[PDB]
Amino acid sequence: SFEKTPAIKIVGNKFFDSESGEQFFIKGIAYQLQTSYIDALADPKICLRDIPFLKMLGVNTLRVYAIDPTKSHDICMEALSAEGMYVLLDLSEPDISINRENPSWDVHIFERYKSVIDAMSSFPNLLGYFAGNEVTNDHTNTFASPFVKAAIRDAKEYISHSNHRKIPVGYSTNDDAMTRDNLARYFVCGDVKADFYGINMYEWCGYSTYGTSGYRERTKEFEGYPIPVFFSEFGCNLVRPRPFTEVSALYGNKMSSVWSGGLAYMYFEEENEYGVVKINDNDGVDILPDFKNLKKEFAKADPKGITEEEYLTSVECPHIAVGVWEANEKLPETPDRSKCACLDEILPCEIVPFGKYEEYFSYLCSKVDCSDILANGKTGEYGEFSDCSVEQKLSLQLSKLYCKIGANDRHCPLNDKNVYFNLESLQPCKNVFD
């Protein structure tokens, strides 16, 4: 039973408890142990150790960056519900993410997102999904953001055309001044919109103020923004112990009318000095001085919200400007698993997954036309097979060189142990093919 955590819903630019009608404010902390990620919410001994410490801290929300969808989460998710706690969840993992330097929206990443959605959507205390975290981070990689918008669209589509509660799908961004307005506008522009928007906000350092930190200016620029907005991370570590005086500002009357709260970064201490606890060699919890300051600030924080009943009584995309903003409004298409699966059956020359990609793409794309696998977020040109996996794309180009050479001897023209002749290509899915 999840009675202590009714589903939160979005109306306009605010969160609301769907059963009480009261506005929901996030008082959170990031909770991530550093598969090749660790999924503490799949390990009862870890989460049941930490939840009593989370309870003392006074949080109602965790941010989790990676779960293993092949594992069960009901024990930890029920234990969290018992203490009134919700989860914001990233859909990616470290090795399956939109790469900001070479962005793609493809079958491999989309399948990861779906699996996470399938693993976690039955939990009423799943607050929301992040389709991206700081993908575009400065003016040289804004062309990554159309790939993220496509991911939001396709994630929302897949949630929509399914049996699940319509869990909102949003985005988490950094705080680079040259890109931040454009990013905010881009994610609510056109036909595809994020459902909510978190900022990783570290502008308030030590004993700062509302007027000197930048918080006032941020608050004024997000006032009237059409979707819920909050601090997906906060807790600058200039001075230590961290005072967390930003918490008083965040949940004060001025900021609580714009921001839906925030999540401190983070629970575990991990060589970066951001923890509120340290895990000892016994695997027990040692409370750090930060914990008490955060605890005391969250306890004082009493945001003045509005009831849903009371609250009840598309925008232009940024222009393209070279060097500054280069995110095309035209998005890549929904990746097609069945179409890309056909390459595995028909292609003469295949390569098993691996530095070598960049090397082997440079090589093959000098000998054959690679337009069919390129994805360009600046111009909105996406090749026919640009949604396929990193290996299928490479296999296609190698197979193209093989046929162009014409030898027809089953010698694939690239010397590498991962290259092999595909015997399935001699057999008679879809003749739609190339």
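Position 1 is the first residue in the sequence shown; the rest follow in order. Between two forms, the rigid core is defined as the largest C-alpha subset superposing within 1.5 Å.
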Check: Hey, after superposing on the core, which one moves around more in 7 other deposited structures of this protein, 401 to 409 or 379 to 387, CA-wise?
Finding: 401 to 409
Notebook entry, point to check: Line up the rigid core: which moves more in 7 other deposited structures of this protein, 259 to 267 or 342 to 350, by C-alpha RMS?
Noted result: 342 to 350
Checklist line | Deposited-sequence gap flanked by residue 207 and residue 208 | finding: none
Check: Quick one: higher average CA temperature factor, 409 to 417 or 10 to 18?
Finding: 409 to 417
Next item on the list: Take the C-alpha B-factors listed in the entry for 399 to 407 and for 61 to 69, compute each mean, and give the stretch with the larger one.
Entry: 399 to 407
Next item on the list: Have a look at 104, 182, 121, 362 and flag the one whose Cα has the highest B-factor in the entry.
Entry: 362
Next item on the list: Sort 246, 283, 195, 154 by C-alpha B-factor from the entry and give me just the highest.
Entry: 283
Margin query: How does the C-alpha B factor of residue 39 compare with the rest of the chain: lowest, middle or highest third?
Written below: middle
Margin query: Based on the deposited C-alpha B factors for this chain, I'd like to know if residue 50 is in the lowest, middle or highest third.
Written below: middle
Margin query: By the recorded C-alpha temperature factor, relative to the other modelled residues in its chain, which third is residue 366 in?
Written below: highest
Next item on the list: Tell me, lowest, middle or highest third: where does the Cα B factor of residue 230 rank within its chain?
Entry: lowest
Check: Lowest, middle or highest third: where is residue 216 by Cα B-factor in its chain?
Finding: middle
